[PDB]
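Chemist: Please see the structure below; I have some questions.
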There are 2 protein chains.
Amino acid sequence: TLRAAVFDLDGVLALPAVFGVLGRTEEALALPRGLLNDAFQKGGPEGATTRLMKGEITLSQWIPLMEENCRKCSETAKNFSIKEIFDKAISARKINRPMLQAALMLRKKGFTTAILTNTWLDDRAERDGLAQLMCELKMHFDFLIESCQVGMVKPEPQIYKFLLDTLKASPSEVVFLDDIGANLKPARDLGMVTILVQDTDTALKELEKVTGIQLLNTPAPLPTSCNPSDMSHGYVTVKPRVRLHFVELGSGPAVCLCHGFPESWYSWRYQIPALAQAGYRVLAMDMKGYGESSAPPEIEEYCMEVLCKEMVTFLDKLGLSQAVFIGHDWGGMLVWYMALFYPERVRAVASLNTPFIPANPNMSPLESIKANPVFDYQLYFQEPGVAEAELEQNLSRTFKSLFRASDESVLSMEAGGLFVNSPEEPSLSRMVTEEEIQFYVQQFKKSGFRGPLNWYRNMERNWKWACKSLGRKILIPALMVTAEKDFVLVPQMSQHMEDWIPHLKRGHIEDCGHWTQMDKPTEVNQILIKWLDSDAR
Amino acid sequence: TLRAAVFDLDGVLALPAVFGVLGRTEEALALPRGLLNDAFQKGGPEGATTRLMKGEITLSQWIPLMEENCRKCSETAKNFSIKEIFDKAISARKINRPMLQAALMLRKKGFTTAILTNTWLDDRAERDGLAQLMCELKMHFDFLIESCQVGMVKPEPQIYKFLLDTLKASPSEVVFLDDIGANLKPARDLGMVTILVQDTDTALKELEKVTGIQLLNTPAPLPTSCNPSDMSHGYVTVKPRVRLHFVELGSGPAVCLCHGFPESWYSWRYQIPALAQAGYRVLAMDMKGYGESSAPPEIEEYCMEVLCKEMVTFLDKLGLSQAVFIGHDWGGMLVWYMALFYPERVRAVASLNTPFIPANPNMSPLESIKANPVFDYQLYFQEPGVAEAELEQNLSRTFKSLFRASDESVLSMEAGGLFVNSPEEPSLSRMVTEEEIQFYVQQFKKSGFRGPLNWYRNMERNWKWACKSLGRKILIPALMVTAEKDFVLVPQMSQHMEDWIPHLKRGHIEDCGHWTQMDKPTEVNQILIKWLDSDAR
Ligand SMILES: Fc1cccc(-c2cc[nH]n2)c1
Ligand SMILES: Fc1cccc(-c2cc[nH]n2)c1
Ligand SMILES: Fc1cccc(-c2cc[nH]n2)c1
Ligand SMILES: Fc1cccc(-c2cc[nH]n2)c1
């Protein structure tokens, strides 16, 4: 029974291959057939290409050797640049998405996966393109075995025995996928299941047949998530008693993700890998009062003025002049105030669900709550200790009750608490795994709900501070993303935003409840990436 | 007696001012004298500019109001763009270096320093320039008081009382420097020492006279250093038992700094702020075996092959496709091997002191040590436990004996140890403060010298691995920096590097011992920044 799957890179995980490119170049330049493909493999196991693939020489050293081989082949058969041909061939090669999806599904099902490839040490001025491709791919596999790193090459028998040793599996337990028949032969001779890959669909049909796992025509997979233990964790002291923790991934313009109540940096798990892959340096915060960030007990530590000042200090200490700020819920509220009070530090602003509504100077925030019954829970959150006790009573119940899709409601909104007439053992929502709920449970064991609830206990202070901004407009790039089925932060609440943000851009997500990021991650990523690429680059 | 110094921004800490720019624009456009300067201050305390400076409106909202004021002034006096004029005026404004140097010296001497300024909420598309200027300046002061953040403006009396409250000082204890006489008047009326700033030299002469501290014509100051508690600290698990710690500062291309033996990320303290200010994202490592990084006890955990693999994993986990790698001593050795084995992940490579010398396959690394008496200490480091015992005996003595300039040698290089005939209480070198030695002492209390010494215990393994690279050349951008007075890693050892690195660039530092970064920080920064800007951008 199979338990390991091995994939080649050129022609399997990445397309178009290379035998085809040399073939197309020959046709485009009207050269004798196979002239370039022949110069490429000249000398076989003793030739320049084998030395390149074994890591004896780098790609830049191989270029002049390949040119000499091309000259010899043209001489025998009786503006051209090998550098330009190979630069263009490497650049055009893209990840074979359905092949990657099949490898992802096999790993999800318990398979050990590996990439086994004949590759080179790339020292060209344009090597970063290849570095980026390898980085994106390798993160999805258990092992990456490169010929130039092991000093062995397919079809040599040693690399297969080395592959087996690495997998800690007998040959009958391994499926081996390759586009080159000669490279497939030794794995077959060892007893491995082999697949000659010509077109992806047929290769995947063969793969599905031998594994007994559906891989072709399967549903749209969720975006890549985050394994907390595999992330880079950052810590900045913003003042003597306050440190902020963040997870960091990627390079490019800084993008600061600000979660809501009662969440975590982990609420952005489906966005962090996507945004980093899109070319941004993501900084996903644990907001003040949460997870590994400090949680001072004082109510005044959580007013918007102090939270914004600390986020400015956070940028100062990291040496960042600006970041794009993207917030959800209370984090969305914080991002609009960052745009209003610190525009010079905000490259662009985006909010999920949270609208920008200016303070009414003729109405107390309490009177404004009066007008709307959907915000009654905010009054319940006022008295220190009351909501903490109910929310801390059973963490698994708190999170399982909260984190549900629009059609999974288990909570109602006197004589109460959030959990009146709510199950003691709620069923697990289709949005989350038990493992994910337990991550939030574990995060909230450190400081509980006091800091998070204090974000609601500064209504009067926040209102007074917000009134100082009444004559201003948000004129930096801005995005408002509404969620059709958020029954508290309704899309309708954002209807007048253009009055204060005239150049505002929008996104809208149908069939999406309050927990936007985990409810509809693919759509959130699509919306944010499109907006970042047009407005924040 | 004075104990606080307050500086204005426009015309004091940053030049050229603004009254001069409007004056020059009037002359260049042959407009009536004072026309623009008059439209700028139109309405005085009730006008658009006061509203802008108090934070009632943003800069982008003020532009059309200023245009209407310019129209009214031209109308009364009987291709022009306010946006273009102000964009150019903001951009041309640069930090007044001697003024900043004087503020730095006063703070060093115990003075509380502050910037007090009439400024705006900048929401222009080009706001980042101003954000960068403010960031660079503010880090050097105890307080930054901005009119648009406090909703108060100079010359209003309230801002001065607010300034005093912030400083926690009586007016007679404060020196107040301003370029505007009207803004100086209320500080004088309160009893503060005031300086009208026209030309910097005269202002500094007045400042020197009143403080009794030499500020003008003083020696070249050291580059800005790092306060460990103020840095962003990052942590990446590269394998189950191994995590790497780093300090991170700045934005732009990733620059990974790799220290030597027996050092720390802190050995780069004078480079981190300079490189981040130059436009790079600095990642200063605690190398494996040091400080907050893991220090497994096994010798094999410290061979170059494993250390390089882990640095590749470090990049993978941070989501970086490449970084520039800059190393000193053992870190310099690691960076040449990163260039040789992982060129696709190395944007550029630079070494301080450590030359690139290819492995001699016909000589054992032990036989090669035989040939050179300067490397005898490496044999002493071989036997596990022996050098650890001597180096761990007294940490303060170890570091104070080691970290000295070329003319301060206290150690000799049988029947020994490093500290034979060496003082038990060495004097403090002119290169370091007691505080800095104690930082290294504190770092080495966690894991001691076993991990660091294990870097020397892989000679045979490193030699075997290095021989696989004998047919390669380093063809990515490279810099070799030699130090005239390093008596072990002599500049002469680098003489043949061009044979293997044909495009190699060089730097050379005279009167510089082994501890390059702290010996000659200004010169190191100059060399690295010049090279990064030409070869790594
Ligand atoms: F003022 C705000 C702004 C955004 C979200 C909330 C909120 C209250 C409960 N969940 N989210 C409150
Ligand atoms: F989502 C939002 C946006 C703005 C204000 C509020 C608000 C006012 C009182 N409670 N919450 C909620
Ligand atoms: F192999 C190397 C390379 C660079 C520095 C050293 C070394 C030995 C003592 N200090 N530094 C050894
Ligand atoms: F600085 C260097 C550079 C290269 C090799 C060595 C070496 C060889 C034996 N011990 N150290 C030192």
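By convention in this document, the chains of the structure tokens carry letters A, B, ... by their order, each chain's residues are numbered from 1, and ligands are numbered from 1 in the order they are shown.
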Enumerate as number ranges by chain the residues belonging to chain A that approach chain B to within 7 Å, with only C-alpha atoms taken into account.
Modeler: A: 56-58, 121-123, 127-128, 131-132, 135, 230-237, 248-251, 316-321, 342-345, 468-469, 471-472, 475-476
Chemist: Apply DSSP to the structure's backbone, then extract all residues of range 306-438 of chain A labelled strand (DSSP E) and return them as a PyMOL selection string.
Modeler: chain A and resi 323-328+346-352
Chemist: Can you work out which residues are within 6 Å of ligand 3, considering only C-alpha atoms and all ligand atoms, and then hand them over as a PyMOL selection string?
Modeler: chain B and resi 261+329-330+333+354
Chemist: Emit the selected residues as a CSV table (one decimal), in the first residue's frame, including N, CA, C and O atoms.
Modeler:
chain,number,residue,atom,x,y,z
B,261,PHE,N,33.2,34.8,16.2
B,261,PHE,CA,33.5,34.3,17.5
B,261,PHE,C,34.3,35.2,18.4
B,261,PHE,O,35.3,35.8,17.9
B,329,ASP,N,34.5,37.4,10.5
B,329,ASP,CA,35.2,36.3,11.1
B,329,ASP,C,34.5,35.0,10.7
B,329,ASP,O,34.3,34.7,9.6
B,330,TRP,N,34.0,34.1,11.7
B,330,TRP,CA,33.3,32.9,11.4
B,330,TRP,C,32.1,33.1,10.5
B,330,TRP,O,31.7,32.3,9.7
B,333,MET,N,33.1,33.5,7.1
B,333,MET,CA,33.3,32.1,6.5
B,333,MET,C,32.0,31.6,6.0
B,333,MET,O,31.9,31.0,4.9
B,354,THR,N,37.6,38.1,7.0
B,354,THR,CA,37.6,36.7,6.5
B,354,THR,C,37.8,36.6,5.0
B,354,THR,O,36.9,36.9,4.3
Chemist: List all protein, DNA and RNA residues that have an atom no more than 7 Å from any atom of ligand 2, counting only C-alpha atoms and all ligand atoms, and report them as a PyMOL selection string.
Modeler: chain A and resi 333+354-357+365-366+368-369+375+489
Chemist: Using DSSP on the backbone, list every residue of range 320-356 of chain A that comes out as helix (DSSP H, G or I), and give them as a PyMOL selection string.
Modeler: chain A and resi 330-341+343-345
Chemist: Using only C-alpha atoms, determine which residues lie at most 10 Å from residue 449 in chain B, disregarding the query and same-chain residues fewer than 5 positions distant; provide the list as an MDAnalysis selection string.
Modeler: chainID B and resid 261:262 289:290 295 385 387:392 444 454
Chemist: Would you pick out the contacts of range 162-167 of chain B at 12 Å or less, using only C-alpha atoms, so that residues sharing its chain but fewer than 3 positions from it are not included, and give the list as a PyMOL selection string?
Modeler: chain B and resi 3-7+111-117+141-147+150-154+156-159+170-176+186-187+190-192
Chemist: Go ahead and save the residues from that selection, with N, CA and C atoms, as a CSV table (one decimal), in the first residue's frame.
Modeler:
chain,number,residue,atom,x,y,z
B,3,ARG,N,18.6,71.9,32.4
B,3,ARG,CA,18.6,70.5,32.4
B,3,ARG,C,17.7,69.9,31.2
B,4,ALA,N,17.1,70.8,30.4
B,4,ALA,CA,16.2,70.5,29.3
B,4,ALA,C,16.5,71.4,28.1
B,5,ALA,N,16.5,70.9,26.9
B,5,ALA,CA,16.6,71.6,25.7
B,5,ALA,C,15.5,71.3,24.7
B,6,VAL,N,14.9,72.3,24.2
B,6,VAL,CA,13.8,72.2,23.3
B,6,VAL,C,14.1,72.9,22.0
B,7,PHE,N,13.9,72.1,20.9
B,7,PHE,CA,14.2,72.6,19.5
B,7,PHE,C,13.0,72.6,18.6
B,111,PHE,N,20.8,65.9,29.7
B,111,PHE,CA,19.7,66.8,29.3
B,111,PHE,C,18.5,66.1,28.8
B,112,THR,N,17.3,66.5,29.2
B,112,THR,CA,16.1,66.0,28.6
B,112,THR,C,15.9,66.8,27.4
B,113,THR,N,15.7,66.1,26.2
B,113,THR,CA,15.5,66.9,25.0
B,113,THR,C,14.1,66.7,24.3
B,114,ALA,N,13.6,67.7,23.7
B,114,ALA,CA,12.4,67.7,23.0
B,114,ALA,C,12.3,68.5,21.7
B,115,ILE,N,11.5,68.1,20.8
B,115,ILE,CA,11.2,68.8,19.6
B,115,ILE,C,9.8,69.4,19.9
B,116,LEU,N,9.6,70.7,19.7
B,116,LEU,CA,8.3,71.3,19.7
B,116,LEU,C,8.0,72.0,18.4
B,117,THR,N,7.0,71.6,17.7
B,117,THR,CA,6.8,72.1,16.3
B,117,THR,C,5.3,72.3,15.9
B,141,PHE,N,15.3,62.1,20.5
B,141,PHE,CA,14.8,63.0,21.5
B,141,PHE,C,13.9,62.3,22.5
B,142,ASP,N,13.8,62.8,23.7
B,142,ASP,CA,12.9,62.3,24.8
B,142,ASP,C,11.5,62.5,24.4
B,143,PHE,N,11.1,63.6,23.8
B,143,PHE,CA,9.8,64.0,23.4
B,143,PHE,C,9.6,64.6,22.1
B,144,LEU,N,8.5,64.4,21.4
B,144,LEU,CA,8.1,65.1,20.2
B,144,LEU,C,6.7,65.7,20.4
B,145,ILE,N,6.6,67.0,20.4
B,145,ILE,CA,5.3,67.6,20.6
B,145,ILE,C,4.9,68.3,19.3
B,146,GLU,N,3.9,67.8,18.7
B,146,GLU,CA,3.4,68.3,17.4
B,146,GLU,C,2.1,69.1,17.6
B,147,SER,N,2.0,70.3,17.1
B,147,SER,CA,0.8,71.1,17.2
B,147,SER,C,-0.5,70.4,16.7
B,150,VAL,N,-1.7,67.9,19.4
B,150,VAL,CA,-2.1,68.5,20.7
B,150,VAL,C,-3.2,69.5,20.5
B,151,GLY,N,-3.5,69.9,19.3
B,151,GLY,CA,-4.6,70.9,19.0
B,151,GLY,C,-4.3,72.3,19.5
B,152,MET,N,-3.0,72.6,19.7
B,152,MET,CA,-2.5,73.9,20.2
B,152,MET,C,-1.4,74.3,19.3
B,153,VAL,N,-1.1,75.6,19.2
B,153,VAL,CA,-0.1,76.1,18.3
B,153,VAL,C,0.8,77.2,18.9
B,154,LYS,N,2.1,77.3,18.6
B,154,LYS,CA,2.9,78.4,19.0
B,154,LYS,C,2.4,79.5,18.2
B,156,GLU,N,0.6,80.4,21.0
B,156,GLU,CA,-0.4,80.4,22.1
B,156,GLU,C,0.2,80.0,23.4
B,157,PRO,N,-0.1,80.7,24.5
B,157,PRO,CA,0.5,80.3,25.8
B,157,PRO,C,0.4,78.9,26.4
B,158,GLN,N,-0.8,78.3,26.1
B,158,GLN,CA,-1.1,76.9,26.5
B,158,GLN,C,-0.1,75.8,26.1
B,159,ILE,N,0.4,75.9,24.9
B,159,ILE,CA,1.4,74.9,24.3
B,159,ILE,C,2.8,74.9,25.2
B,170,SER,N,10.8,73.3,35.6
B,170,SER,CA,10.4,74.7,35.8
B,170,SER,C,11.0,75.5,34.6
B,171,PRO,N,10.4,76.6,34.2
B,171,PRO,CA,11.0,77.4,33.0
B,171,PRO,C,12.4,77.7,33.0
B,172,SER,N,13.0,78.0,34.2
B,172,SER,CA,14.4,78.4,34.3
B,172,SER,C,15.4,77.3,33.9
B,173,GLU,N,14.9,76.1,34.0
B,173,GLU,CA,15.7,74.8,33.6
B,173,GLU,C,15.7,74.5,32.1
B,174,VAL,N,14.9,75.3,31.3
B,174,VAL,CA,14.7,75.0,29.9
B,174,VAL,C,15.4,76.0,28.9
B,175,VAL,N,16.1,75.5,27.9
B,175,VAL,CA,16.7,76.3,26.8
B,175,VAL,C,15.7,76.0,25.7
B,176,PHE,N,15.3,77.1,25.0
B,176,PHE,CA,14.3,76.9,24.0
B,176,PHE,C,14.9,77.6,22.7
B,186,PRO,N,6.8,83.9,24.1
B,186,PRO,CA,6.1,83.3,25.2
B,186,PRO,C,7.0,82.5,26.1
B,187,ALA,N,8.0,81.8,25.6
B,187,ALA,CA,8.9,81.0,26.3
B,187,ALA,C,9.8,81.9,27.2
B,190,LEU,N,7.9,83.4,30.1
B,190,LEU,CA,7.7,82.4,31.2
B,190,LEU,C,9.0,82.2,32.0
B,191,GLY,N,10.1,82.8,31.5
B,191,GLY,CA,11.4,82.7,32.1
B,191,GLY,C,12.4,81.7,31.6
B,192,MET,N,12.1,81.1,30.4
B,192,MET,CA,13.0,80.2,29.8
B,192,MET,C,14.1,80.9,29.1
Chemist: Contacts of range 207-214 of chain A at 7 Å or less, counting only C-alpha atoms, minus same-chain residues fewer than 4 places along, as a ChimeraX atom specification?
Modeler: /A:2,203,218
Chemist: Save the residues we just selected, N, CA and C atoms, as a JSON list (two decimals), in the first residue's frame?
Modeler:
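Ended up saving to part-v3.json:
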[["chain", "number", "residue", "atom", "x", "y", "z"],
["A", 2, "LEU", "N", 0.55, 2.20, -0.93],
["A", 2, "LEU", "CA", 1.29, 3.45, -1.12],
["A", 2, "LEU", "C", 1.16, 4.40, 0.06],
["A", 203, "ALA", "N", -1.99, 12.00, -16.23],
["A", 203, "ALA", "CA", -1.09, 11.70, -15.11],
["A", 203, "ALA", "C", -1.87, 11.62, -13.81],
["A", 218, "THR", "N", -11.77, 17.62, -8.06],
["A", 218, "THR", "CA", -12.09, 17.77, -6.64],
["A", 218, "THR", "C", -12.51, 19.24, -6.28]]
Chemist: My list of candidates is B:431, B:308, B:335, B:528. Which is closest to ligand 4 when distances are computed with only C-alpha atoms and all ligand atoms?
Modeler: B:335
Chemist: Find the residue from A:535, A:177, A:169, A:76 that sits nearest to residue 198 in chain A; use only C-alpha atoms when measuring.
Modeler: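 Of A:535, A:177, A:169, A:76, the one nearest residue 198 in chain A is A:177, counting only C-alpha atoms.
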Chemist: Rounded to one decimal place, report the CA of residue 155 in chain A-CA of residue 183 in chain A distance in Å.
Modeler: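 Answer for the CA of residue 155 in chain A to CA of residue 183 in chain A separation: 4.8 Å.
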